[PDB]
Structure formats: structure tokens, C-alpha cells
Amino acid sequence: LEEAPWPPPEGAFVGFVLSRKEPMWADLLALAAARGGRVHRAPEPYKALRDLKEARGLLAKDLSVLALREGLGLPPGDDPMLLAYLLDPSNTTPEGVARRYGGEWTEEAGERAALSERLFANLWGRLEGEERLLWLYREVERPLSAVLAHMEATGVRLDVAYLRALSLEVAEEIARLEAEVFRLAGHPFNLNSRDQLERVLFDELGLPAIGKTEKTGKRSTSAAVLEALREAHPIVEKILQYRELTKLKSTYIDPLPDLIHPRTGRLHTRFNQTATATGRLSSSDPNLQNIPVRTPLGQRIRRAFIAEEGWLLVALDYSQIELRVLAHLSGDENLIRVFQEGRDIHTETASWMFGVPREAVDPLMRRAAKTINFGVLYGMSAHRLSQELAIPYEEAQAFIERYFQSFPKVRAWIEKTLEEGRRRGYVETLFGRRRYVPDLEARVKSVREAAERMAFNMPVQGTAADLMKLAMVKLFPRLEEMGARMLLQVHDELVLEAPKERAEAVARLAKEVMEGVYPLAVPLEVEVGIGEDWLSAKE
DNA sequence: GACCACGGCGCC
DNA sequence: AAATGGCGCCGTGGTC
Ligand SMILES: NCCCC#Cc1cn([C@H]2C[C@H](O)[C@@H](COP(=O)(O)OP(=O)(O)OP(=O)(O)O)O2)c2ncnc(N)c12
Ligand SMILES: [Cl-]
Ligand SMILES: [Cl-]
Ligand SMILES: [Mg+2]
Ligand SMILES: [Mg+2]
Ligand SMILES: [Mg+2]
């Protein structure tokens with residue numbers, strides 16, 4: 001392309017180079033734009049940002065987040081990544097998308113700008129005739145990228161002092177556990193090494209191996225294996241406790257306080273829009289979609305996520321979302337009726353599991369039942385089921401047959417979904433998001449059946465994903481108008497931050513928006529809480 | 001220092 | 001571990 005002076009004309013596509021992948025932490029090393037057979041390179045990248053009306057191009061959101069960081073209201077616009085991702089969600093990297101749709105991802109801003117231009121042209125062409133994918137792009141993905149940009153640049157507050165103090169307490173308990181483990185082994189070793197631990201458990205001590213690892217076929221020391229060996233030796237329980245503590249300390253307690261941004265004094269994640277096979281977002285650097293909540297220490301960590309002074313967190317979470325979605329997709333009357341009657345399948349399963357009345361079910365019991373309900377739905381084997389419930393095989397098997405015989409059209413929907421996936425090569429969500437699953441026609445049964453579970457899960461998980469995205473796009477402008485902030489999405493959950501005076505009003509509005517987003521054959525219900533911290537807000 | 005595969009495990 | 005699905009990050013062991 002012909003080189004020309006900065007600035008570019010309106011509608012130009014941008015290319016840019018960051019010192020590191022995370023836009024909140026990156027230095028903008030270079031910036032360029034391309035349009036009409038010209039490439040414009042900015043002599044001073046930061047100042048040049050002011051000349052752009054929007055960020056249009058590959059990884060648009062990243063540039064937008066950096067702009068917002070610098071106090072510039074630069075929204076993201078067209079991004080070829082989003083087009084490619086809709087065409088085929090295995091399109092997750094600019095490297096792959098460039099190669100596939102007409103160019104090469106290099107380290108020069110001008111070349112990236114030019115690449116962005118031609119990829120958009122090509123990919124736009126590929127979306128012609130694809131009306132449903134076009135709808136998702138214009139009505140969901142493109143607007144959502146703006147929403148996510150604001151969320152990333154906003155961040156969430158963390159009680160750093162609290163976490164620092166907690167680290168010290170946890171360190172001392174870890175020391176007690178490791179000392180016991182070493183005593184019981186008869187000698188010290190690296191307890192963080194599963195290879196060393198395998199030899200201690202299975203070679204040095206008497207313990208029977210139960211399972212093997214996938215890639216290298218070592219004797220597994222996974223939590224599943226250790227639970228089964230709980231009554232074989234006292235060292236086992238000590239290791240399980242050591243694992244829990246060290247996992248939480250190494251992954252959350254210690255790293256996160258070090259990631260507070262110096263300017264904002266908050267913790268900023270990345271919400272990746274082209275990262276999953278089903279249409280879910282992912283979160284990284286750090287991942288804020290896997291903050292602990294199940295165990296006592298886990299809850300203590302989640303409590304570190306707090307509202308700004310004078311504000312409150314609002315947490316909203318769709319009730320039994322994929323089950324409701326399944327009712328709609330399958331059209332099973334029986335299942336639809338369950339939700340019309342305001343029943344809770346997780347609580348009911350839980351009451352069965354632990355053999356207690358529905359009122360006796362505590363949250364942790366209900367949570368346990370989720371794994372069982374979704375596990376069975378998406379193809380769990382009777383054997384594992386019996387195993388994880390520690391009930392005889394016959395009972396487990398019996399539960400799965402009743403599970404489905406209760407809901408006739410569910411199996412029918414699955415069969416229909418797979419048959420259609422085999423013919424077309426892909427399956428799709430309610431709104432037409434696609435996932436290609438070529439292994440539906442695999443001649444190896446284990447490979448084929450794995451593919452089948454991936455395939456019939458996607459429309460359900462993906463539709464739920466679509467619904468949340470649509471809800472975020474609708475909700476965002478309403479929140480802006482109320483002076484509230486959207487902070488995090490955790491798949492079927494949103495966490496907002498509102499001024500105390502308005503927190504109650506915001507919760508009600510957000511609840512109604514989420515419930516009314518796209519009516520199905522069954523009501524959508526959203527549970528909402530308000531609190532000074534994430535844990536409090538969910539209770 | 002950075003990458004990697006692996007086993008493992010946090011969440012949804 | 002096992003015929004649930006979807007993610008990202010940890011330390012280890014290893015290479016470069
Ligand atoms: N906090 C949940 C911890 C255990 C779990 C879970 C799982 C959650 N999902 C998927 C299905 C669910 O609708 C969705 C939302 O997660 P969710 O909100 O935990 O589950 P839910 O909304 O059904 O129940 P609730 O009324 O409490 O919101 O994530 C799953 N899909 C496949 N296998 C699994 N084990 C799970
Ligand atoms: Cl950093
Ligand atoms: Cl839960
Ligand atoms: Mg939910
Ligand atoms: Mg949830
Ligand atoms: Mg892995």
C-alpha cells in the first residue's frame with residue numbers, strides 16, 4: 001500500500017503492536033491505519049489514538065481497552081476475528097485466521113492494519129447469505145466487544161491487605177501438613193511433585209494403584225484416586241488437605257495481590273471473545289471466572305473481592321439455566337412443566353442423593369447435585385456415577401434411566417441433533433451459532449462418542465451463552481444511565497457495582513432485563529443478591 | 001529467561 | 001480414573 005501521512009480518513013482499519021498481550025499492562029509500541037490503498041503510520045502512537053473515531057480491525061477490543069486506560073473513549077468496531085469466530089469457532093487466533101482467510105500475522109503495525117483491511121473484506125464476503133450469523137455479529141458480538149472493553153478497563157477492587165495476612169496463616173498450616181506427610185512417608189521429598197508422590201504412595205507404602213494418567217500412563221495421584229484410598233493410610237487425607245491449601249495459595253492468595261494496577265488500584269482481567277468452542281467467553285490474565293467458592297478457605301478468598309467504598313456489589317445468576325434451555329430446545333412438555341411449576345431439579349436430586357427432605361438441602365448439597373444432574377445429562381457413565389456417589393452400580397444405572405424416562409423428548413432431541421450434525425458437519429445454538437464436529441463420523445467408537453457428547457452439549461451451553469451475551473448488550477446502556485458498572489461475567493452470572501443509594505434499584509432492573517432478554521417456552525429466572533463482597537452478594 | 005507437555009484442579 | 005460438557009493457571013520436568 002501507498003504510504004501516506006497520519007492521520008487516516010474515517011473508516012480506516014487499525015493495526016497496532018503492544019509490548020505485552022494484556023492491554024491494561026501494555027506499552028503501545030506502534031499504531032497504523034489502512035484504507036483506500038493507503039497505509040498511515042503514526043509517529044507518536046499514544047497521541048495518535050486521539051485521531052481515531054473507533055478501533056476497527058483485528059483485536060479491536062485490546063486497543064480500545066488501552067485507549068480507555070488512557071482516558072480516551074475509543075470504542076471497538078468491526079473485528080475480523082469476530083467474523084471468523086462466528087464462521088467457525090476453531091478460529092481463535094489472529095495467526096490462524098490470517099493464514100486461513102488471506103494474509104500473515106506479523107509484528108509490524110502497518111502490515112497488521114493492511115491485514116485487518118483485507119481479512120475484513122474477505123470474511124464479510126463469507127458472511128453473505130449467512131443471515132443468522134450476520135445477526136449474531138451485528139446484534140451480539142460486535143456490540144458486546146464494546147461492553148467487554150469497558151468491563152476490562154474498569155476492573156474490580158480486591159482487599160490486598162486481607163489476602164497478605166491470609167497467606168501467612170495458610171503458610172503455617174501448609175507447613176504442619178507437609179511435616180506430617182513427610183513423617184508418615186518416613187522421609188522428606190518434594191510434595192509438589194506428583195512423580196515423587198506416586199513412588200511414595202505406590203512403591204514405598206503399600207497402597208494399591210487405582211488409575212493411570214492419560215498421556216504417559218503413570219499411576220495417578222489425582223483427588224479422585226486419593227478419596228478412594230482415604231481409608232487405606234493416614235497420609236492420604238493429609239495430602240488431600242495439602243493439595244487444597246497449596247492450590248488456593250499458589251493460584252489465588254499469592255499471585256492476585258501482585259496484579260493490582262498502579263493507576264486504577266483495581267484488578268483487571270481479559271474477557272476473551274473468540275476462545276471457546278461453544279460461544280462462552282473465557283477470562284484470563286488473571287482468570288476471574290474460577291475464583292474459589294466451594295470450601296471454607298475458598299469462600300475466604302472470594303470475600304477478598306469487594307465493592308468500592310460507598311458502593312455495593314450486585315450478583316445475578318440464572319437459575320438452572322441449561323436445564324431451562326434444554327426444555328426449550330427439546331420441547332419436552334414434561335420438562336417445560338417442571339419449570340412452569342417453579343420446581344428445582346438440583347434441589348430434588350440433592351434431596352435424593354443425601355436422603356433428606358428438600359428443606360434439609362443446604363447450598364453445598366445442591367451444588368454437589370449440579371455435577372450429577374449435568375453429568376448425567378451430557379453422557380456420564382453409570383459406573384462413574386455409582387463411583388462418585390459411592391452407591392451400588394445398580395442404583396446409579398437406575399437413576400440415569402429414570403432421569404431420561406422422566407423427560408422423553410430429551411433423548412429424541414439428542415438423536416436428532418447428532419443426526420443433523422453428521423449430515424451438515426456442524427451443530428448449532430438456538431440463534432444459529434455453529435460448531436463443526438467432524439468426528440461424529442469417526443470409525444473409532446470412543447472417538448466418535450466423545451465427539452457426540454461435545455456435539456449435543458454445544459447447542460445447550462451455547463444457547464445459554466448467547467442469552468447471556470444478548471442480556472449484557474441490552475443491560476449495559478441501562479447501567480451507564482444509572483451510574484452503575486458491569487464488572488464481571490461468569491458464564492451465566494453477572495457481577496455489577498452500584499452506588500449504595502441505587503444498588504437496590506439496579507438489582508431489580510438488571511434482574512428484569514436478564515429475565516426478559518429472549519423469552520423461551522419456560523420462564524427464565526434470575527437470582528440476585530447484594531453485598532459488600534462477592535461472597536456476601538451471592539448469599 | 002522463555003516454551004512446552006503433563007498432571008492436576010479451580011470455576012461454570 | 002471412570003463414556004458429562006466448557007475453560008485457564010499452577011508447579012514439575014524438560015528443553016532451548
Ligand atoms: N457452581 C457450580 C459447581 C458445579 C457445577 C457445574 C456445572 C455448571 N454447568 C453449566 C450448566 C449450568 O446451567 C451453567 C450455570 O452454572 P450454575 O449457575 O452453577 O448452574 P445452574 O445455573 O444450573 O444452577 P443455579 O440455579 O444454581 O444457577 O453451567 C455444567 N455443565 C456440565 N457439567 C458440570 N459439572 C456443570
Ligand atoms: Cl504485571
Ligand atoms: Cl453452586
Ligand atoms: Mg446459574
Ligand atoms: Mg452461575
Ligand atoms: Mg491440559
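As a basis for the values below, the full set of heavy atoms in this structure was taken, side chains included, without hydrogen atoms, waters or symmetry mates. Order of the sequence lines fixes the chain letters, A, B, ..., with proteins taken first and strands second; residue numbering starts at 1 for each chain.
A:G375 comes within 4.0 angstrom of a base, heavy atoms only. Within the nucleic acid shown, A:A382 has no heavy atom closer than 4.0 Å to any nucleic acid atom. Looking at heavy-atom distances under 4.0 Å, A:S446 makes no contact with the nucleic acid at all. The residue A:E388 sits close to a base: some heavy atom pair falls under 4.0 Å. Within the 4.0 angstrom heavy-atom criterion, no nucleotide atom of any strand lies near A:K445. Residue-level contact check: A:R435 touches the backbone only, with heavy atoms under 4.0 Å from sugar-phosphate atoms and none from bases. Residue A:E452 is classed as having no contact, given no heavy-atom separation below 4.0 Å to the nucleic acid. Among the atoms of the strands shown, only primed sugar atoms or phosphate atoms (P, OP1, OP2) are found under 4.0 Å from some heavy atom of A:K215. Heavy atoms of A:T246 sit nowhere under 4.0 angstrom from any nucleic acid atom. If you check every strand for non-hydrogen atoms under 4.0 Å, A:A277 touches sugar and phosphate atoms only.
Distance A:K247 NZ to B:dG7 P: 15 Å, rounded to the nearest Å. Rounded to whole angstrom, the span from the CG atom of A:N287 across to the P atom of B:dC11 amounts to 11 Å. Rounding to whole angstrom units, CZ of residue A:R367 and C1' of B:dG10 are separated by 10 Å.
Atom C1' of B:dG8 sits at a distance of 13 Å from the matching atom of C:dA1, rounded to the whole Å.
Applying the side chain to side chain contact (heavy atoms under 4.5 Å, CB included) test between A:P257 and each of A:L166, A:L267, A:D159, A:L163 identifies A:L163 as the sole match.
Sugar pucker at C:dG6: north, on the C3'-endo side, as the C1'-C2'-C3'-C4' dihedral is above zero.
When side chains are defined from C-beta on, A:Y518 does not count as touching A:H328, because their heavy atoms never get closer than 4.5 Å.
Taking the six-membered ring for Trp and the full ring otherwise, A:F271 and A:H150 have centroids separated by 6.0 Å or more.
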